[PDB]
4 protein chains.
Amino acid sequence: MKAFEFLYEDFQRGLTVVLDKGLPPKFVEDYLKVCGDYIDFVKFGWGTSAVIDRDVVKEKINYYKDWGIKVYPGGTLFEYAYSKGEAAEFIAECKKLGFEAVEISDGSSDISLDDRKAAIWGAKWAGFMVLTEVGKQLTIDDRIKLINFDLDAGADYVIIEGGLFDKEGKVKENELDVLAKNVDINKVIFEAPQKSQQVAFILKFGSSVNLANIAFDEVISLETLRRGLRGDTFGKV
Amino acid sequence: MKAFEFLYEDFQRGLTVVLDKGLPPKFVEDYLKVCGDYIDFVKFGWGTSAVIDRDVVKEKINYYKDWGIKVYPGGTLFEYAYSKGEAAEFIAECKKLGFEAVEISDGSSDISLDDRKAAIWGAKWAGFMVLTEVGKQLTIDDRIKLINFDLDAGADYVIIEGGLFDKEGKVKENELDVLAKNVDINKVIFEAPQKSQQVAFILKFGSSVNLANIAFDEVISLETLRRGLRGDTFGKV
Amino acid sequence: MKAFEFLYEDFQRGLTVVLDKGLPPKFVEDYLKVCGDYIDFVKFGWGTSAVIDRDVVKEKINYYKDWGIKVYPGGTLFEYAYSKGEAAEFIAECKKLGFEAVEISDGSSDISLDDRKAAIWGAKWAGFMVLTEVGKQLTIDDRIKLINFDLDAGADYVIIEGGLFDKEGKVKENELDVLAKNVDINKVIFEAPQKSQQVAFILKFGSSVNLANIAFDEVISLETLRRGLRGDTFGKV
Amino acid sequence: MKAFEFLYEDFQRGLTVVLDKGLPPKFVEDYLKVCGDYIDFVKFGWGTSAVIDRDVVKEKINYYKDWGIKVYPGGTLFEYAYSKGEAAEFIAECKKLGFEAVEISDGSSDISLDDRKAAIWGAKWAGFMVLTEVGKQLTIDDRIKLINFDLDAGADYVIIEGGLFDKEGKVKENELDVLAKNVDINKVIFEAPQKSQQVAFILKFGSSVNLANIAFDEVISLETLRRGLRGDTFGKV
């Protein structure tokens with residue numbers, strides 16, 4: 001039961017992906033009692049999991065699994081291990097630690113479409129859910145090509161690196177409408193670390209939009225924005 | 001200790017791959033007491049493992065594992081599951097049954113070089129040892145391209161479909177010499193189901209040659225051929 | 001439960017008759033755990049049952065009965081006993097040993113149509129299932145006469161001696177089509193000891209065709225051929 | 001043992017000084033399990049220790065001491081006590097609380113070079129490790145004079161107030177090269193509260209550079225930047 005339960009009206013809620021930079025284990029155990037209902041995925045940011053103690057990483061993953069959250073290591077660590085030639089050992093250690101998903105990217109390295117598809121099948125047949133990063137010359141048509149290529153290669157979701165906002169910070173609605181006409185947006189996730197970006201995507205697509213790089217203390221804020229309980233979206237959703 | 005141990009002279013022994021068509025479980029348990037020292041891999045032929053009871057398949061794999069043998073399902077079962085779109089569930093069931101390797105082939109299907117490389121990484125990152133089948137227009141140079149492509153993609157061994165023998169059954173020694181000049185033959189395995197083929201490869205490359213499709217009752221015959229203890233190779237090795 | 005159970009598609013399976021030349025008792029007990037689901041009848045070949053120890057013959061028959069298989073002695077032993085004038089003692093000993101069927105033939109003897117029908121009723125009223133052998137001058141029309149005569153006399157199945165293949169080894173499809181127009185092929189069984197014959201009948205009549213003289217180690221091979229899990233019938237059935 | 005231990009390559013790591021604004025005691029106890037291996041010193045910021053309960057300050061200092069971290073009160077509290085004439089009582093209370101170092105500064109007060117040297121000896125002979133703050137007219141040569149004066153007076157480290165970055169945010173590399181030619185940079189520490197400054201110093205001097213005013217939640221980020229595990233320093237270190 002929520003406080004003020006009589007104010008609840010039911011709605012379609014999109015995915016939330018949370019960025020964890022290194023939260024303490026028993027802080028995570030208590031933090032999920034407030035907002036574990038509103039998180040779908042957690043990214044351990046970039047290579048941060050390769051810095052932390054191995055029993056601390058396992059203990060944190062068990063706390064997220066008790067709420068049904070899927071945890072994964074950021075794609076920079078895959079690109080690191082891939083550049084060292086260690087990609088099979090990276091995939092094996094992910095399974096021993098207990099991640100349920102992996103992210104494929106070429107943000108710090110160059111990887112061909114042949115190697116990218118091979119890496120996607122590599123991760124699926126190893127038993128992970130697969131996410132990919134798109135956005136790195138790229139017109140909106142070139143993003144549409146890469147998104148469709150990753151979905152046809154078998155990625156479960158595509159993350160748009162965040163492009164979609166102009167020099168002032170207003171959303172480029174023509175490109176965003178062209179994207180929605182050419183791609184199944186139910187399989188797309190947008191990076192929206194700033195509250196103004198979260199408002200712009202919610203006002204464009206409604207409460208069902210999928211969002212990523214959400215800061216751990218803004219999870220409750222985002223749920224109030226989806227539900228119309230903050231002055232930015234009050235009476236608009 | 002072997003009978004007549006004083007006749008033993010030590011030598012470099014190549015790989016043996018045995019073909020199992022459906023041997024009974026407690027027949028396999030007793031059979032390995034005679035010749036388990038001389039087997040490296042067992043192929044469960046084509047789709048035969050998809051016909052047998054699941055507890056019988058597990059029981060057989062445990063008997064081969066007690067002698068350190070690596071068991072795998074033949075490449076036609078991969079092509080079947082791949083043609084149905086079930087390739088990830090095929091890899092998952094292989095792990096649950098306890099196979100330690102898989103074979104990638106296109107003997108009945110058509111698969112591109114791009115899909116073939118993606119399937120090889122698929123199997124490697126899932127933690128299997130990977131074998132591939134080559135031979136299906138192909139000159140000796142086209143075999144050499146395909147062998148090097150599968151080895152560069154990361155196959156642990158390449159099996160040559162058996163081409164290498166003429167219309168009478170004599171070995172095409174010029175093509176076989178061109179192969180040995182362009183490929184690391186320590187990673188190549190030759191199909192040799194007939195005793196005359198086993199003799200031709202042993203006389204060309206010595207006891208260290210790797211051989212496949214060996215019938216279960218010819219394993220002891222092959223060890224006598226490698227060791228010079230049968231009239232075909234007597235005094236020639 | 002079969003291994004890879006998710007690949008199973010349900011189909012109409014025809015009869016399999018297996019030839020036993022003298023398999024050991026506890027080999028049979030273990031062998032049926034692999035392939036007893038895919039056998040309908042076992043022929044003890046020619047006169048081999050008259051050579052073996054009487055308690056060994058009973059012990060083998062009980063192992064086949066535990067899987068619901070019907071065992072019978074080959075028709076050359078009936079022709080032997082009939083030529084000695086001992087046919088009633090042969091029928092009595094079959095019941096004491098525990099065979100559930102008998103085969104009537106004239107492959108080495110000469111027997112009139114009158115005596116043939118009298119022998120068919122002889123075996124039915126004694127309580128056996130009756131099979132007959134046809135093929136010994138005979139055009140396809142003369143086979144069609146003999147098949148209908150044996151079915152009208154009351155035989156449960158007619159076995160075609162295997163005629164149906166040319167001098168190269170290709171099936172004589174014109175005669176085989178004329179047969180299917182004149183005879184109920186659900187009561188016909190074809191001899192097919194070679195894998196090329198098994199493929200030719202499966203491609204002509206589908207998975208539901210009835211086959212005989214199957215070697216004991218080829219039963220799993222035949223089930224993969226019926227199910228399309230081997231390169232000869234892959235994607236054709 | 002770290003997660004992904006096989007990716008570790010050994011390297012020279014510089015000092016990290018962390019700013020604590022008032023973290024809760026049992027939050028600090030859990031937080032050090034994640035990143036206590038990557039902290040050398042903790043500054044209790046400005047006068048914040050004089051606002052907190054005396055048993056809470058002791059409890060926090062004991063949690064930092066269990067990881068070998070040296071805690072100190074920020075130099076504004078020394079300047080406060082010095083301006084009141086109470087500097088000897090401030091030194092006495094620091095020993096009773098259990099700080100292991102002190103910071104000498106004139107950031108808000110005016111103090112002569114005579115009084116500054118007397119304060120450095122005051123703190124050393126009382127048994128503390130001594131840090132000083134430099135930067136307040138000053139050319140890079142005048143910074144060099146003050147750094148050498150504090151090191152000759154006996155300071156264990158000198159902190160550069162953070163000058164070294166231009167009006168756009170780019171590092172003034174000409175002055176930074178002149179500094180490194182005149183001063184032992186192993187005894188210098190740079191203030192770098194922003195990630196762009198931390199990157200600029202790591203790219204100029206390598207992973208061995210000493211950094212200060214690191215936010216408590218950015219300690220794991222900084223260790224990934226030193227180790228090349230984040231896109232800013234990926235492949236550059």
# chains A, B, ... in the order shown; residues from 1 in each chain; ligands from 1
>>> closest_atom_pairs(of="chain D", to="chain A", cutoff="10 Å", atoms="only C-alpha atoms", output="Markdown table")
| residue | atom | partner | partner_atom | distance |
| --- | --- | --- | --- | --- |
| D:1 | CA | A:53 | CA | 5.9 |
| D:2 | CA | A:53 | CA | 4.2 |
| D:3 | CA | A:54 | CA | 4.3 |
| D:4 | CA | A:50 | CA | 5.4 |
| D:5 | CA | A:50 | CA | 7.2 |
| D:6 | CA | A:89 | CA | 8.5 |
| D:7 | CA | A:81 | CA | 7.4 |
| D:8 | CA | A:50 | CA | 8.2 |
| D:26 | CA | A:26 | CA | 9.8 |
| D:27 | CA | A:27 | CA | 7.5 |
| D:28 | CA | A:24 | CA | 9.3 |
| D:29 | CA | A:24 | CA | 9.5 |
| D:30 | CA | A:24 | CA | 5.9 |
| D:31 | CA | A:24 | CA | 5.1 |
| D:32 | CA | A:24 | CA | 8.2 |
| D:33 | CA | A:24 | CA | 7.4 |
| D:34 | CA | A:52 | CA | 6.2 |
| D:35 | CA | A:52 | CA | 7.4 |
| D:37 | CA | A:52 | CA | 9.5 |
| D:38 | CA | A:51 | CA | 9.7 |
| D:217 | CA | A:22 | CA | 7.3 |
| D:218 | CA | A:21 | CA | 8.0 |
| D:219 | CA | A:22 | CA | 8.9 |
| D:220 | CA | A:22 | CA | 6.6 |
| D:221 | CA | A:48 | CA | 7.0 |
| D:222 | CA | A:48 | CA | 9.8 |
| D:223 | CA | A:51 | CA | 7.4 |
| D:224 | CA | A:48 | CA | 6.3 |
| D:225 | CA | A:47 | CA | 9.4 |
| D:227 | CA | A:51 | CA | 9.0 |
| D:228 | CA | A:47 | CA | 8.8 |
| D:229 | CA | A:47 | CA | 5.0 |
| D:230 | CA | A:46 | CA | 6.0 |
| D:231 | CA | A:108 | CA | 5.9 |
| D:232 | CA | A:108 | CA | 8.8 |
| D:233 | CA | A:108 | CA | 9.6 |
| D:234 | CA | A:108 | CA | 6.8 |
| D:235 | CA | A:108 | CA | 8.5 |
>>> select_by_dssp(residues="stretch 11-173 of chain C", states="strand (DSSP E or B)", output="PDB file with N, CA and C atoms, in the first residue's frame")
ATOM      1  N   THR C  16       8.640 -50.962 -37.976  1.00  0.00           N
ATOM      2  CA  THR C  16      10.036 -51.409 -38.093  1.00  0.00           C
ATOM      3  C   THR C  16      10.154 -52.880 -37.702  1.00  0.00           C
ATOM      4  N   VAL C  17      10.658 -53.725 -38.604  1.00  0.00           N
ATOM      5  CA  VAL C  17      11.017 -55.121 -38.304  1.00  0.00           C
ATOM      6  C   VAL C  17      12.535 -55.284 -38.279  1.00  0.00           C
ATOM      7  N   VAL C  18      13.070 -55.722 -37.143  1.00  0.00           N
ATOM      8  CA  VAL C  18      14.511 -55.866 -36.900  1.00  0.00           C
ATOM      9  C   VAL C  18      14.950 -57.306 -37.107  1.00  0.00           C
ATOM     10  N   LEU C  19      16.112 -57.502 -37.718  1.00  0.00           N
ATOM     11  CA  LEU C  19      16.736 -58.811 -37.873  1.00  0.00           C
ATOM     12  C   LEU C  19      17.731 -59.065 -36.734  1.00  0.00           C
ATOM     13  N   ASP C  20      17.533 -60.128 -35.961  1.00  0.00           N
ATOM     14  CA  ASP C  20      18.464 -60.585 -34.928  1.00  0.00           C
ATOM     15  C   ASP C  20      19.146 -61.883 -35.393  1.00  0.00           C
ATOM     16  N   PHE C  41       8.531 -55.440 -34.477  1.00  0.00           N
ATOM     17  CA  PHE C  41       8.747 -56.878 -34.589  1.00  0.00           C
ATOM     18  C   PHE C  41      10.233 -57.213 -34.640  1.00  0.00           C
ATOM     19  N   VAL C  42      10.608 -58.371 -34.108  1.00  0.00           N
ATOM     20  CA  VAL C  42      11.952 -58.937 -34.247  1.00  0.00           C
ATOM     21  C   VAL C  42      11.871 -60.301 -34.909  1.00  0.00           C
ATOM     22  N   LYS C  43      12.572 -60.474 -36.026  1.00  0.00           N
ATOM     23  CA  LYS C  43      12.789 -61.778 -36.650  1.00  0.00           C
ATOM     24  C   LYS C  43      14.078 -62.378 -36.109  1.00  0.00           C
ATOM     25  N   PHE C  44      14.011 -63.542 -35.475  1.00  0.00           N
ATOM     26  CA  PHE C  44      15.194 -64.382 -35.284  1.00  0.00           C
ATOM     27  C   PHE C  44      15.519 -65.032 -36.631  1.00  0.00           C
ATOM     28  N   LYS C  70       6.957 -57.876 -30.683  1.00  0.00           N
ATOM     29  CA  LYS C  70       6.559 -59.237 -31.087  1.00  0.00           C
ATOM     30  C   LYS C  70       7.703 -59.957 -31.792  1.00  0.00           C
ATOM     31  N   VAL C  71       8.106 -61.101 -31.256  1.00  0.00           N
ATOM     32  CA  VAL C  71       9.215 -61.910 -31.772  1.00  0.00           C
ATOM     33  C   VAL C  71       8.683 -63.051 -32.631  1.00  0.00           C
ATOM     34  N   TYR C  72       9.365 -63.404 -33.721  1.00  0.00           N
ATOM     35  CA  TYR C  72       9.049 -64.589 -34.516  1.00  0.00           C
ATOM     36  C   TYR C  72      10.285 -65.271 -35.139  1.00  0.00           C
ATOM     37  N   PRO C  73      10.250 -66.588 -35.412  1.00  0.00           N
ATOM     38  CA  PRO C  73      11.309 -67.301 -36.119  1.00  0.00           C
ATOM     39  C   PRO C  73      11.166 -67.177 -37.642  1.00  0.00           C
ATOM     40  N   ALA C 101       4.113 -64.392 -33.161  1.00  0.00           N
ATOM     41  CA  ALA C 101       3.863 -64.410 -34.592  1.00  0.00           C
ATOM     42  C   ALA C 101       4.639 -65.537 -35.282  1.00  0.00           C
ATOM     43  N   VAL C 102       4.274 -65.874 -36.517  1.00  0.00           N
ATOM     44  CA  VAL C 102       5.044 -66.777 -37.388  1.00  0.00           C
ATOM     45  C   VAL C 102       5.038 -66.272 -38.826  1.00  0.00           C
ATOM     46  N   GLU C 103       6.043 -66.667 -39.598  1.00  0.00           N
ATOM     47  CA  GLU C 103       6.210 -66.279 -40.995  1.00  0.00           C
ATOM     48  C   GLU C 103       6.072 -67.493 -41.911  1.00  0.00           C
ATOM     49  N   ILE C 104       5.179 -67.416 -42.894  1.00  0.00           N
ATOM     50  CA  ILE C 104       4.954 -68.477 -43.880  1.00  0.00           C
ATOM     51  C   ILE C 104       5.643 -68.087 -45.190  1.00  0.00           C
ATOM     52  N   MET C 129      -0.151 -64.272 -34.689  1.00  0.00           N
ATOM     53  CA  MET C 129      -0.192 -63.319 -35.800  1.00  0.00           C
ATOM     54  C   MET C 129       0.606 -63.872 -36.989  1.00  0.00           C
ATOM     55  N   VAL C 130       0.093 -63.769 -38.211  1.00  0.00           N
ATOM     56  CA  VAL C 130       0.701 -64.422 -39.381  1.00  0.00           C
ATOM     57  C   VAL C 130       1.253 -63.400 -40.357  1.00  0.00           C
ATOM     58  N   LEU C 131       2.536 -63.522 -40.678  1.00  0.00           N
ATOM     59  CA  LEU C 131       3.193 -62.786 -41.752  1.00  0.00           C
ATOM     60  C   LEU C 131       3.510 -63.743 -42.900  1.00  0.00           C
ATOM     61  N   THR C 132       3.562 -63.257 -44.132  1.00  0.00           N
ATOM     62  CA  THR C 132       3.969 -64.075 -45.281  1.00  0.00           C
ATOM     63  C   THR C 132       5.049 -63.398 -46.098  1.00  0.00           C
ATOM     64  N   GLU C 133       5.845 -64.188 -46.807  1.00  0.00           N
ATOM     65  CA  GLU C 133       6.869 -63.698 -47.722  1.00  0.00           C
ATOM     66  C   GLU C 133       6.398 -63.865 -49.169  1.00  0.00           C
ATOM     67  N   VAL C 134       6.468 -62.797 -49.961  1.00  0.00           N
ATOM     68  CA  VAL C 134       6.153 -62.806 -51.395  1.00  0.00           C
ATOM     69  C   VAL C 134       7.350 -62.290 -52.183  1.00  0.00           C
ATOM     70  N   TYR C 157       0.101 -59.346 -42.218  1.00  0.00           N
ATOM     71  CA  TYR C 157       1.001 -58.533 -43.045  1.00  0.00           C
ATOM     72  C   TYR C 157       1.661 -59.368 -44.141  1.00  0.00           C
ATOM     73  N   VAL C 158       2.009 -58.736 -45.259  1.00  0.00           N
ATOM     74  CA  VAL C 158       2.773 -59.364 -46.348  1.00  0.00           C
ATOM     75  C   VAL C 158       4.111 -58.660 -46.524  1.00  0.00           C
ATOM     76  N   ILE C 159       5.208 -59.409 -46.517  1.00  0.00           N
ATOM     77  CA  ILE C 159       6.566 -58.888 -46.666  1.00  0.00           C
ATOM     78  C   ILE C 159       7.034 -59.100 -48.103  1.00  0.00           C
ATOM     79  N   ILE C 160       7.461 -58.025 -48.756  1.00  0.00           N
ATOM     80  CA  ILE C 160       8.006 -58.064 -50.110  1.00  0.00           C
ATOM     81  C   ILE C 160       9.502 -58.353 -50.040  1.00  0.00           C
ATOM     82  N   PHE C 165      14.128 -52.625 -57.384  1.00  0.00           N
ATOM     83  CA  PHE C 165      15.290 -51.786 -57.710  1.00  0.00           C
ATOM     84  C   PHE C 165      16.006 -52.284 -58.969  1.00  0.00           C
ATOM     85  N   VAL C 171      15.215 -47.049 -57.558  1.00  0.00           N
ATOM     86  CA  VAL C 171      13.888 -47.659 -57.370  1.00  0.00           C
ATOM     87  C   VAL C 171      13.070 -47.640 -58.670  1.00  0.00           C
TER      88      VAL C 171
END
>>> atom_distance(atom1="atom CA of residue B:175", atom2="atom CA of residue B:237")
22.7 Å
>>> residues_around(residues="residue C:187", least_positions_apart="2", cutoff="12 Å", atoms="only C-alpha atoms", output="ChimeraX atom specification")
/C:14-15,130-132,147-148,150-152,154-160,180,183-185,189-190,208-211
>>> atom_distance(atom1="atom CA of residue A:142", atom2="atom CA of residue A:117")
16.9 Å
>>> residues_around(residues="residue D:177", least_positions_apart="4", cutoff="12 Å", atoms="only C-alpha atoms", output="list in words")
residues 140, 164, 171, 172, 173, 181, 182, 183, 185, 201, 204 and 205 of chain D
>>> write_last_selection(atoms="C-alpha atoms", output="PDB file, in the first residue's frame")
ATOM      1  CA  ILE D 140      54.018  31.046 -10.995  1.00  0.00           C
ATOM      2  CA  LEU D 164      46.489  26.577 -13.366  1.00  0.00           C
ATOM      3  CA  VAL D 171      45.143  23.724 -18.387  1.00  0.00           C
ATOM      4  CA  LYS D 172      47.868  26.462 -18.550  1.00  0.00           C
ATOM      5  CA  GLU D 173      50.510  23.889 -19.540  1.00  0.00           C
ATOM      6  CA  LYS D 181      61.079  22.015 -13.476  1.00  0.00           C
ATOM      7  CA  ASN D 182      61.457  23.971 -10.172  1.00  0.00           C
ATOM      8  CA  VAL D 183      59.600  21.788  -7.567  1.00  0.00           C
ATOM      9  CA  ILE D 185      56.016  17.256  -7.710  1.00  0.00           C
ATOM     10  CA  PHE D 201      46.268  16.280 -14.533  1.00  0.00           C
ATOM     11  CA  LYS D 204      49.825  15.625 -18.061  1.00  0.00           C
ATOM     12  CA  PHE D 205      51.584  13.661 -15.257  1.00  0.00           C
TER      13      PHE D 205
END
>>> atom_distance(atom1="atom CA of residue B:60", atom2="atom CA of residue B:87")
23.7 Å
>>> select_by_dssp(residues="stretch 182-236 of chain A", states="alpha helix (DSSP H)", output="ChimeraX atom specification")
/A:182,195-205,219-226
